[PDB]
Q: 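So that we are looking at the same thing, I have put the structure below in structure tokens.
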Number of protein chains: 2
Amino acid sequence: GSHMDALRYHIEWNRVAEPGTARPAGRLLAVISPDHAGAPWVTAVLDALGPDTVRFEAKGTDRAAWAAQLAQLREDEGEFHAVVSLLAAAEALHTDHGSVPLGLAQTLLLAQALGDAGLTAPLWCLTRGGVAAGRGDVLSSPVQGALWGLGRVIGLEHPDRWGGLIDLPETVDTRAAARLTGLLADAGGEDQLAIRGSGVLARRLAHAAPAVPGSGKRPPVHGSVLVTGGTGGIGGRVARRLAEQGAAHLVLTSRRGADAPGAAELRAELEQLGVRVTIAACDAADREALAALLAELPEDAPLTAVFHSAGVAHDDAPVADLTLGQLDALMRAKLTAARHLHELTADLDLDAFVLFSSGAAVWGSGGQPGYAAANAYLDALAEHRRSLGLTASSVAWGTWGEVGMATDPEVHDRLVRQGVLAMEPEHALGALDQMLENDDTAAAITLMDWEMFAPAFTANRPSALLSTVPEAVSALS
Amino acid sequence: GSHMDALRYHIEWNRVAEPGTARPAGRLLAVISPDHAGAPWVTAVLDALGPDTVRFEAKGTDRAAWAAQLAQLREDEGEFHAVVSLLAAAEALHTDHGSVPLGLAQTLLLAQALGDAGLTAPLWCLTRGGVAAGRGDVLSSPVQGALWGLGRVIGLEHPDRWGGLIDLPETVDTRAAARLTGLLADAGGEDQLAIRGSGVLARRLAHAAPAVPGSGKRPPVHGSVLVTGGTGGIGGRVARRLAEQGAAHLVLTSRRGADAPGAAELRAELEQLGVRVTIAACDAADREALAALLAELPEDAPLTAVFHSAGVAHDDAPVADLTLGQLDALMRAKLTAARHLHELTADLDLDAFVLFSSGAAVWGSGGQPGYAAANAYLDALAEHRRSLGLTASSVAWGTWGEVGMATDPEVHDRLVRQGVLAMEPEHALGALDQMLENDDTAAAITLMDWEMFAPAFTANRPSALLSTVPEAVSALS
Ligand SMILES: NC(=O)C1=CN([C@@H]2O[C@H](COP(=O)(O)OP(=O)(O)OC[C@H]3O[C@@H](n4cnc5c(N)ncnc54)[C@H](OP(=O)(O)O)[C@@H]3O)[C@@H](O)[C@H]2O)C=CC1
Ligand SMILES: NC(=O)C1=CN([C@@H]2O[C@H](COP(=O)(O)OP(=O)(O)OC[C@H]3O[C@@H](n4cnc5c(N)ncnc54)[C@H](OP(=O)(O)O)[C@@H]3O)[C@@H](O)[C@H]2O)C=CC1
Ligand SMILES: CCC(=O)[C@@H](C)C(=O)SCCNC(=O)CCNC(=O)[C@H](O)C(C)(C)CO
Ligand SMILES: CCC(=O)[C@@H](C)C(=O)SCCNC(=O)CCNC(=O)[C@H](O)C(C)(C)CO
């Protein structure tokens, strides 16, 4: 029990100091998405930054054009104190890349083009409702949430020219304005912040509360349960667990379906346990196929739970290199699939709606910006669903042993050297069960060697995020 | 900052497993204080334990009489599963020992007499409002809180016949009753518990969160500040610090007053810093002298803060030996003095009301039951005051270097061997300033060698209290 407790961490938000009252001495550069600069918070922030602030309208998604334009701006206007991006407001999906929110595409390209141009002023990315900071806070935009996953990775890959992320409240009044312009003057080493009516909060990682035997909350597993990526490594083990725990009917999907490696053996394993098994070949981002799958479910085994395990991590790239095509392919199974699952089951009163995220989204991982963004959407969607009165749980895995992506010895070796150790499947699944029995909204379930991880993580830049993990503080002291 | 952060720990409460639904198999022995058995919670608990439970009425405070009565009960009634003491309900002060709550005296004598008689069943001590467990919880009886200090020391000295402490909610309904009788059946290795509407909570020690720079909310030090025991080791250094921070007037008390060792030198030191100095000889348990002291404060320098450093630790004794006279003498400067300070200043809108407690109260110290009880009252009074809308901060010191009680080489050497290391005064006082800038209600400020402390503390019996200190868990693995 306590060994599985030790795997579970959550994100919390702690109150930090009120900022100072002077605006930055040097000039700001504000970056605006010209089709998506009407939102009240975008107006309010532009007003806060004041008329001396240089505006750059980021048109389209043209890296080379922006790099040239930013190079000219630097030449003409000189050096800036910071760059303040309002690109998050662009939530609409990119015309050519249907799983990529325009504001996410534009933020990637902005980070690239700033590098290209030699504009080194720290980049701050603003969002409105991209995080749930505080008890009772509503995460109203899970699309903007995805941007925090990307931003953390820009912090790891370009630490010297990264400012951070700030979430604005719903009403940016003079108190909020002053807190923003104060933070831009000096943020006291914080870089993941939320401005709220009550003050400024910052993001923290903490050990989760221990599991409570007799916890209640979780209904018995029964009826039909959909596992996307259910023929995959983690998905297969999850299916077996659900079969052990009394599911009537497991519906496993993946793009290869019944032709997936080892699907025949998985079906036999599950059917031995007395469970009906359906394996469908089905892109999780295909809305029509999902609708058709749901319409077919037995009347005596209604859908009770979704476990969304569909995902790829390959053909990512460093922030400086990543293409929008690569980004799209990483977002597809995550953002587009999870949005379809959310919309199509919202009326079904599920017992569980479980999304498989990653540490890459929770703390960040160099070389994995597209995977981080994709998985950070899932974490955000879960909070968002809770605000609607719907069940959701996002489980941000560390590293799995035995099955799944991380079983390549080269990947495994890199992960161990960063101190994210491989979990035994029974311990990982037991920790997940603890999470679902608590009915927690979001958790990271990971085996950390903090003595390896904290120094690696903070080599080039401090992390306020880890200040609430005593082992991390000890390792760094 | 981070060195002072490292000194600070907090008591928190985590939800634990729900117990089983069956009564203990064997018979219970309930111990009641016959003049103080009318409180609703005492009725509710008696009703919960059921009519098969043997009742023992603990009359007076006669160790030998009780030992003989318990010896006869054992002979006649046979062996018990546990002994459940309701003696805490007796809050009135002992007629012969004016600083000792009757229930505290009776609980000591019960623990003694059970040992005398050979009645070995684990002893559980129940309280109602003696701890503040959970957000928003009201510690309504700081007198009953004192019993927790004693109980932890009974756990250390008589580990094989100590059950633990359980705090009941204000309304002991059927759900609370079942949690009580379940814990008495089997408590899963827990022994400091609080039963609340939301579940069963257990007591934990944890690192405090690192201070957030720039974020203080402590008002300026100004006016008159009363330091009881202000001529003593810690108290003198505290006085100097308060002078540096802007106090207009330091009022230092102790029983010897101006005849205290070094008092002339301390007065001159403070006068150099530009403050008015009053050194008064008086017992801090003397209500009338405190009143007279407060009445004569300059009109230009009203009382703004109390720092309660008055205390003695000598002429304590093991639980098996401690007399009520010894207990009284250890309680006097803590319970009686702090009650007078609380009552006489409650209407003065103080900025600070700081009570100097001890690790001996927070985790417990073999050989120090009376000192532990006395200091545990202070920690409880602080919570209690907060529930009334009054300021309070209890700081449970570990070991001070350089000045004060622990500078006796023999005491110093014992403490180091237990892993409670001597703090430098500037680091201790700096950690106290962090606490007051956070406006925390209670904290322990201590330098621990956990590799020495954890094994010593747990040699005879596990401590769920330490399960939240990662260094302690590591030392024991
Ligand atoms: N392994 C680990 O340590 C960690 C895993 N995770 C997450 O856990 C989940 C499972 O990972 P894991 O089991 O290790 O990896 P696997 O590759 O073994 O499983 C991924 C599954 O998703 C399927 N899939 C991928 N794209 C799609 C899509 N568009 N539509 C439907 N199915 C798709 C794959 O099958 P097909 O190719 O046939 O579509 C495969 O069955 C992933 O979402 C991953 O991001 C996160 C953190 C760490
Ligand atoms: N030193 C340490 O490491 C720790 C200290 N503490 C607490 O800190 C406080 C200060 O300890 P420290 O400075 O080391 O010890 P000291 O003995 O140096 O100081 C204690 C002071 O309290 C005074 N005092 C004792 N009884 C009374 C009373 N009835 N009325 C008024 N004053 C009285 C003493 O003077 P007089 O005898 O003249 O009255 C003395 O000035 C104590 O309360 C102690 O319990 C707790 C944890 C550890
Ligand atoms: C392939 C299976 C899988 O999901 C893999 C990619 C993962 O689990 S990726 C996440 C593993 N690594 C991380 O989470 C650690 C990221 N942090 C690290 O400590 C890195 O060393 C730093 C220095 C920050 C540079 O990125
Ligand atoms: C005299 C000045 C003073 O306040 C001194 C006595 C103190 O600091 S007392 C508290 C010092 N010691 C402790 O707090 C550790 C007590 N715990 C210990 O670890 C003991 O070895 C055990 C094994 C539990 C038996 O009591």
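Whatever order the structure lists them in is the order used to number ligands and atoms, beginning at 1. A, B, ... follow the sequence lines: proteins, then strands. Residue 1 opens every chain.
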Q: Ignoring angles and geometry beyond distance, decide whether B:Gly233 reaches within less than 3.5 Å of ligand 2 through its nitrogen or oxygen atoms.
A: yes
Q: Number the atoms of ligand 2 from 1 as they appear, then name those within less than 4.0 Å of a heavy atom of B:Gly404, with their elements.
A: 12 (P), 14 (O), 18 (O)
Q: Considering non-hydrogen atoms of the protein only, which is the closest contact for atom 14 (O) of ligand 2, and what is the distance?
A: B:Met405 N, 2.7 Å
Q: So between B:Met405, B:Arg414, B:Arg461, whose heavy atom ends up nearest atom 1 (C) of ligand 4?
A: B:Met405
Q: With atoms numbered from 1 as shown, which atoms in ligand 2 lie under 4.0 angstrom from a non-hydrogen atom of B:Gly398?
A: 3 (O), 47 (C), 48 (C)
Q: Could you identify the single nearest non-hydrogen protein atom to atom 23 (C) of ligand 4 and state the distance to 0.1 Å?
A: B:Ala456 O, 2.9 Å
Q: Output the list of atoms in ligand 3 that are nearer than 4.0 Å to some heavy atom of A:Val411, sorted by atom number.
A: 1 (C)
Q: Which of the atoms in ligand 2, numbered in the order shown and given with their element, are less than 4.0 Å from a heavy-atom of B:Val312?
A: 25 (C), 26 (N)
Q: Would you mind finding which of B:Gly364, B:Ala444, B:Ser358 brings a heavy atom closest to atom 17 (N) of ligand 4?
A: B:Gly364
Q: Applying a heavy-atom cut-off of 4.0 Å, say which part of B:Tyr371 lies close to ligand 4: side chain, backbone, both or neither.
A: side chain
Q: Considering only the protein, which heavy-atom contact is closest to atom 21 (C) of ligand 2, and what is its distance?
A: B:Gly229 CA, 3.6 Å
Q: What are the atoms of ligand 2, with element, lying closer than 4.0 Å to any heavy atom of B:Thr399?
A: 3 (O)
Q: Should you measure from each heavy atom of B:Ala284, which atoms of ligand 2 turn up under 4.0 Å away?
A: 28 (C), 30 (N), 31 (C)
Q: Could you tell me the residue and atom name of the protein heavy atom closest to atom 18 (C) of ligand 3, and the distance to it rounded to 0.1 Å?
A: A:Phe457 CD1, 4.0 Å
Q: Out of A:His412, A:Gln418, A:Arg417, indicate the one that has the non-hydrogen atom closest to atom 20 (C) of ligand 3.
A: A:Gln418
Q: Can you check which of A:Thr407, A:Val362, A:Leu415, A:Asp408 brings a heavy atom nearest to atom 11 (C) of ligand 3?
A: A:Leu415
Q: Report yes if B:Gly366 has an N/O atom closer than 3.5 Å to an N/O atom of ligand 4; otherwise report no.
A: yes
Q: Under 3.5 Å, N or O to N or O, is A:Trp363 touching ligand 3 that way?
A: yes
Q: Can you tell me the protein heavy atom closest to atom 24 (C) of ligand 3 and the distance?
A: A:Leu156 CD2, 3.2 Å
Q: Of the backbone atoms (N, CA, C, O) and the side-chain heavy atoms from C-beta on, which set of B:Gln368 has a member under 4.0 Å from an atom of ligand 4: side chain, backbone, both, or neither?
A: side chain
Q: Which residue and non-hydrogen atom of the protein lie closest to atom 24 (N) of ligand 2, and at what distance in Å?
A: B:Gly311 N, 3.9 Å
Q: Considering the heavy atoms of B:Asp283, write down every atom of ligand 2 situated less than 4.0 Å from one of them.
A: 28 (C), 29 (N), 30 (N)
Q: Within the 4.0 Å heavy-atom shell around B:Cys282, which atoms of ligand 2 are there?
A: 30 (N), 31 (C)
Q: Return the closest protein heavy atom for atom 42 (C) of ligand 2 as residue, atom name and distance.
A: B:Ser309 O, 3.2 Å
Q: Taking the minimum heavy-atom distance to atom 8 (O) of ligand 3, which of A:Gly398, A:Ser365, A:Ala313 ranks first?
A: A:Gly398
